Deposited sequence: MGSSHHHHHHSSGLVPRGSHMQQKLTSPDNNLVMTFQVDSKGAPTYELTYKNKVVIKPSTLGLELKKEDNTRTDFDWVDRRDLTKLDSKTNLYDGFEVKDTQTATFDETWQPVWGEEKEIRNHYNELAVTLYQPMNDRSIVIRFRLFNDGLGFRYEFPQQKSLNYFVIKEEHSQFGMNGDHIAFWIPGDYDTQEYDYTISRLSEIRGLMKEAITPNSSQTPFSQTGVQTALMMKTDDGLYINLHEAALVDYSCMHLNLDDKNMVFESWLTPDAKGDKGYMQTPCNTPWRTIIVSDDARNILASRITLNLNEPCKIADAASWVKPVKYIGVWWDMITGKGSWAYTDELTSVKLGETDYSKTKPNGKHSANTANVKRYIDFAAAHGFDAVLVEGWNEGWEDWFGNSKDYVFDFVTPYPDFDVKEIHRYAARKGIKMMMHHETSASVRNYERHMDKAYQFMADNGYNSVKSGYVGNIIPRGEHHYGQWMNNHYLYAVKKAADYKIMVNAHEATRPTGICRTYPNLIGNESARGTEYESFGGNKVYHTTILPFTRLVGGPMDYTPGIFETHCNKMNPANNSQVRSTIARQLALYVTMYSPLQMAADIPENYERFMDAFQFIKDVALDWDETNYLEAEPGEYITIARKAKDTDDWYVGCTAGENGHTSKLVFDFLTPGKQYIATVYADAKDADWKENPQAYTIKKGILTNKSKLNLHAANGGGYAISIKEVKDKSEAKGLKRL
């Protein structure tokens, strides 16, 4: 009767069966500890526009018709990632479920790894199941206790919320305050949360609930039954309230449960990526590449500068408004002379590209007007010389990063997309930062519905045809699709550094993101703010970045991404050029990654080996209690000497009272070295460890 699937190491066991009413039921244990209590699986379908009642049932009345098992064990290499190779090793169980009352069958495929379980529903092409609409997916995740969760409010339009750390039973009472103001937001439940969801159990376990390969389907959130402690899939509705237009053969994305008694193993898990389809960009390795950049950006985010060219018009209309006849507001940062200054800085310090926002016509009306024809993505303002900027950047060996804020007007963006990408190709742009700020147009749709998920992928696939890399802000959070389309080098899709200018992010924010948001794909977090007091940029902005300078440096290692921005303005980096050296030195791609220390909400310490080098980089980020590390460099090569530079919080450093106090020490390290470092409140540290290649490097240096 019951089906049992075991992980390769025998530590995890998944038991499957249908109850007495034919409802698919599964459960999972880890080291003999209950991780997932008996939980049901199934979906309810929309009644077909006027048997008709029984057809809506795709949740019970099932009989196990057939079962197939198999084992997979292959290694693959991502174009860019946290390590050179990833091993995909799992035991699989596929259950064919027949539903007599509707004469149709579905398949539930289970893949069990040593670090977690993944499952998905498969809908075979058959006589009685072709086109169908999903009313709701009912995938349950029954918890064995009132765990501690690290969560953000379930929302169909934004994920730019600070995390909350509380018991599952406390979520309901905390939801109201957890939902802060945002340009576009649609919370759905007093107990709804987003994925990836991170939890810590009283019996020493760490559990992460998420999904993988979100394609041709609506984004999954989780709704908590806080009486029975059961999380259940809650999909994003379209403009009519429906949750998915399907056509067999088709599959739902995978649902994942990553678990371990060691928090570091959650970060090390590659289940999400392993469950995605293999790379579909044949020549990816020839053009896809990591990018370290700076940009004309923080000016506008802080309010010092503006995206708009003029402030004298009540509104603008592309093709009618003649900007050449308008009065400059004197705050437009995207002007040729200023852009060249950034290009100079980028070239002088080894950066790959320079982002510039506010370069094109239309910014006057970019915010909250639900404007359809808001941008054309190709017409520059009078003070932005596309060709001259291109000429200069190219001569300096710098690439300009295109900016495509859509103001959430999606049909408008698609209509202009080919011309926009061609414009990029014709003017030397091979990477683009897109955005979707505001309520979606078509009006009625949400940012994470099936409709928009299709758009985001459409944009990435078309970009691949033009050999363009994409960094999409406000898009649906990643679920590992980067394996399939490596040109998607980034997404924000979470609360980033920009909010440190909008009131600030919680001190423990970066000690949570790697356990949640980063599972499924890198984030364009835009770290590197040295002048943490925003009033120095804009007197009217009293927001303060909750970090020390040393912790900002650490983020280049603790916030993984092949796309890394040094977000502050050149002048501020010039004020602390000694600390800036770490940002200049740090790599963007890795051959190896060692998670040294990890505890969600408290601290994260990671060491990574730069790809194709013998150099290592270390970073530690900590919460309000700071953190003391006892580092052991036994991961370094035996018999080798290393030049180590330690960027750490000075004594009494503090994110609030003394954020710019840091020390820099240079010495020698070997695999026998041990170091004690203390991360302050909202602080951390960064270490560059370069293999000695010449005696004339250790001169005057002593062992640390």
Handout entry: Sequence ranges without modelled C-alpha atoms (deposited numbering)
Key = 1-20, 71-84
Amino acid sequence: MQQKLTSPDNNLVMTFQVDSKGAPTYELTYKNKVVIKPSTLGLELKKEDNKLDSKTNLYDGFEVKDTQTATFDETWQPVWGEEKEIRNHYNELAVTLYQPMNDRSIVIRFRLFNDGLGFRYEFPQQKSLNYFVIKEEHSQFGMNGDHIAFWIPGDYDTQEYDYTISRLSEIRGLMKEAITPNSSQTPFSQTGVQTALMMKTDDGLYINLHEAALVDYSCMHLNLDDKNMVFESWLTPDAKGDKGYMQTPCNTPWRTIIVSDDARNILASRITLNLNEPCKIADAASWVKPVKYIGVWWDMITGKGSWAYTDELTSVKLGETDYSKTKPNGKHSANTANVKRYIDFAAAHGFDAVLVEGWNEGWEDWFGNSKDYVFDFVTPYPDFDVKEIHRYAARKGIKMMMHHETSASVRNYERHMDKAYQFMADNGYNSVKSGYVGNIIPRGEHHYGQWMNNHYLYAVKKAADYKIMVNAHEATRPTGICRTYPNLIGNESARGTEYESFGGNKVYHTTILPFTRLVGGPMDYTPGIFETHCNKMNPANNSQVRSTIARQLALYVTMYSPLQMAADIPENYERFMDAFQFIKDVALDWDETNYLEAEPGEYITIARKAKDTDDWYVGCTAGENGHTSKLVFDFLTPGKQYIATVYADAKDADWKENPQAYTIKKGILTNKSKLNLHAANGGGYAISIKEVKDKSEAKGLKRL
From here on, numbers count along this sequence of modelled residues.
Handout entry: residue 50: gap in at least one third of other compared structures
Key = yes
Problem - Which of 207-215 and 568-576 has higher mean CA B factor, as the PDB entry lists it - result: 568-576
Handout entry: Higher-B stretch (mean Cα B-factor, as the entry records it), 357-365 or 318-326
Key = 318-326
Problem - Peak C-alpha temperature factor (PDB record), options 557, 313, 273, 417 - result: 313
Practice task
Can you pull the Cα B-factors for 128, 252, 164, 453 from the entry and say which is highest?
Solution key: 128
Handout entry: For residue 421, the third of its chain into which the C-alpha B factor falls
Key = lowest
Exercise for the section: Could you look up the Cα B-factor of residue 392 in the entry and say which third of the chain it sits in: lowest, middle or highest? Expected result: middle
Exercise for the section: Name the third of the chain's ranked CA B-factors that contains residue 584, choosing lowest, middle or highest. Expected result: middle
Fill in the blank from the handout: Sorting the chain's modelled residues by C-alpha B-factor and splitting them into thirds places residue 515 in the lowest
Fill in the blank from the handout: Assert third(CA B-factor, residue 116) within chain per record equals middle
